[PDB]
């Protein structure tokens, strides 16, 4: 990965050293002052870009953090307002749990058919999978469970609207996660930075060899490691729903959500 290019940068230094003997046999000079200017501007641009990536990562963590909050209070409101409708308690929790797993499959571009059948009846699974957005359909079914208790006079419009806002909050999370996934800036994330940091890292030893007869690979790999490590960190934080090392553990976050919702409805795993 990054060590593979760190090794290549060492070979370019070796190329720049053994070919430094034939430098004067050509009209080439490479001072370090121009590469200090270029390198500093790249560092500034990497500093701002890396900052924008971390902002996405925090927003993704926050959006998933709201899933746990909204689904907790929706179950809490269901208990305090309607403590005797335990049938709706189980059915709504199964929709809320399915919403979390289906959102994970949505952001991961995987098949939710396994987790859907585990939690919901088959007639519901076919209705949910047949939608252009199954997570949106799950919120609709959860709203029908809330809304059917309203038609039965079991809850007022006020206490209905109280629970409605929780579904409204989940919808904002779904729209927010959908936004973060389908929002890549144009190819400037690679056209500008992926090329330049690479091209600057491999051309740097050819300019550093004039000052340092043999210390070039040490200094060049140190600068190349500093720049490449900062740039590669930005790529990981840019896509927080992937399977990288520094990406959101979505499977663990969904297990915590199902554990919470079952702990509130008196069910032991």
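Numbering follows the first chain given and starts at 1.
Looking at 50 to 58 and 210 to 218 together, the entry lists the larger mean B-factor for 210 to 218, computed on C-alpha atoms.
Between 70 to 78 and 185 to 193, the higher mean Cα B-factor belongs to 185 to 193. Looking only at 63, 201, 28, 43, the residue with the top Cα B factor in the deposited structure is 28. Residue-level temperature factors show residue 84 in the highest third of its chain, judged at the C-alpha atom.
Sort the modelled residues of the chain by CA B factor and residue 250 lands in the lowest third.
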